[PDB]
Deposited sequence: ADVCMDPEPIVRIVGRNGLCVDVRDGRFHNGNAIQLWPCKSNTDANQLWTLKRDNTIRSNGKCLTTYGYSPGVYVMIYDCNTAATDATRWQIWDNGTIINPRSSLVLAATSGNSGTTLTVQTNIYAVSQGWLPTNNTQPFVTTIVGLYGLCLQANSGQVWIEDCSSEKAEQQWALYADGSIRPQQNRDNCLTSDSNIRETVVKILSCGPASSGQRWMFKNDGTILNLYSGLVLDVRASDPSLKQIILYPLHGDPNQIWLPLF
């Protein structure tokens, strides 16, 4: 036949593990959409129905962008009163939520609690990553790569080492990979052969956003490069960002 896609009422988590929120729970037309700590109740301001028409609705009102230029805030609005194609959104497999008319992307240009959501030019940054799920917490696993060794981070340096039962990693909804022991530090890469480090997630930049792919590689979306173990040499204690070929030094596996 043909797959019947449903309309699951769900939360939308994004930057810094924060949820999409309707400011103060007020639903008058034009009210701003913000970034709030995820709740554990049934308040309608954080539960979003992924409707069959590429709209995103909460308490009847639609998720709508104020304009089609970068920097305008995303608001709550009547679904019939708003502009016909200002209420439409696409949720991509790589975590990006995009308005397909402006081609701009739902983003939170700040990490603070209460940050007004905006539409921005798609750079595949952590500030532009989202995950529709009722799961409040990040997914803590151990990332295993070449030779069955574990991805370990100590201070800013990150390398690969034989697994010891730190090596735990919080896979956040915004696409950032963070060490479990310090959840405001991210798996960062500056340039787009460069070396990966553990800087703060403050910038929430393209280069701190990662995507686990089906081929076994951890892919940086903006650059197109994947995680690589320099010359398949774990003793170098260097994880770099190399173009794609698919050898074991590029293959990883989350072992939760």
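- For this chain, the deposited residues without C-alpha positions form the stretches 1, 167-169, 197-198, given in sequence order.
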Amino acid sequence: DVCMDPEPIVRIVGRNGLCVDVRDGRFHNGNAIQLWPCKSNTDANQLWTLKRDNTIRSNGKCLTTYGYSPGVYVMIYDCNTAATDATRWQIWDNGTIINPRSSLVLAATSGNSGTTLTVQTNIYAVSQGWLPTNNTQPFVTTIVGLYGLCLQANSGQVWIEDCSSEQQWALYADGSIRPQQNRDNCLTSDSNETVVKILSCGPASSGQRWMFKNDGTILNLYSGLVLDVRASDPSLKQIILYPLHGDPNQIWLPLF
From here on, numbers count along this sequence of modelled residues.
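Take the two forms, find the largest set of C-alpha atoms that superpose within 1.5 Å, and that set is the rigid core.
- Two stretches, 120-128 and 96-104, are weighed by how far their CA atoms sit from the shown form in 8 other deposited structures of this protein after rigid core superposition; the farther one is 96-104.
- Judged by mean Cα B factor in the deposited record, 147-155 ranks above the other of 169-177 and 147-155.
- The entry lists C-alpha B-factors for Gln34, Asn220, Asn41, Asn214, and the highest of these is at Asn41.
- Ranking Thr84, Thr142, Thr133, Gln90 by Cα temperature factor from the entry places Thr84 first.
- Looking at the C-alpha B-factors along this chain, the one for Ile239 belongs to the middle third.
- Residue-level temperature factors show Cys186 in the middle third of its chain, judged at the C-alpha atom.
- Sort the modelled residues of the chain by CA B factor and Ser58 lands in the middle third.
- Sorting the modelled residues of the chain by their CA temperature factor places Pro138 in the lowest third.
- Annotation for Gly111: CA B-factor lies in the middle third of the chain's modelled residues.
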